[PDB]
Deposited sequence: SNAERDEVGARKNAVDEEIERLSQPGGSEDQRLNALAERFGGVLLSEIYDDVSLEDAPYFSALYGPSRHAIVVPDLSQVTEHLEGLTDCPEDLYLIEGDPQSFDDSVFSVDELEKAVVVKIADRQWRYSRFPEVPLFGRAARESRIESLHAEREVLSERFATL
């Protein structure tokens, strides 16, 4: 009779699981302690379409901490062990951030960054990109609000 709603519900449950799908705290603590802001947070507003691209673009430096003044970090580095084996620090304005320069050749669902004449980086578009968290959580809200509306119509 009417399996359109039942099929649409399943579609909403599908995407919701994918977005909220799993899946760092230490970097957050380090950020405020450095008086800086996570690059991921600066990039939390990027759309669902561009999030994978930007996340791939930046490579490992996607986990970077952005501070307006690098000298804020120096004093803390000595003896610092409570952190990932690689810690990225970029000087810039967390309110008006200038992107890094990238020599990039964009493929489908991946990018090829030329780090130097003798070094390349292949970064494929990830499921669950680091960037675009804010837009991702919003989309999940819309889906929830839509799923309930479908449930009454079910």
- Query: Hey, which stretches of the deposited sequence didn't make it into the model?
  - Reply: 1-3, 27-29, 161-163
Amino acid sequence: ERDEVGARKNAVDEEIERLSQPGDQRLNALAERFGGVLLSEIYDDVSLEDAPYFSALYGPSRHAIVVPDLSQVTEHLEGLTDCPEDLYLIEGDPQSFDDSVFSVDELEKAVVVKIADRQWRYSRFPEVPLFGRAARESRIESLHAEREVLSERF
From here on, numbers count along this sequence of modelled residues.
- Segment of higher mean CA temperature factor, 14-22 or 129-137: 14-22
- Item | Higher-scoring stretch by recorded Cα B factor average, 120-128 or 104-112 | 104-112
- Selection from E41, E32, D98, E85 [criterion: highest C-alpha temperature factor in the record]: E32
- Item | Top Cα B factor in the deposited entry, candidates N28, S47, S55, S61 | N28
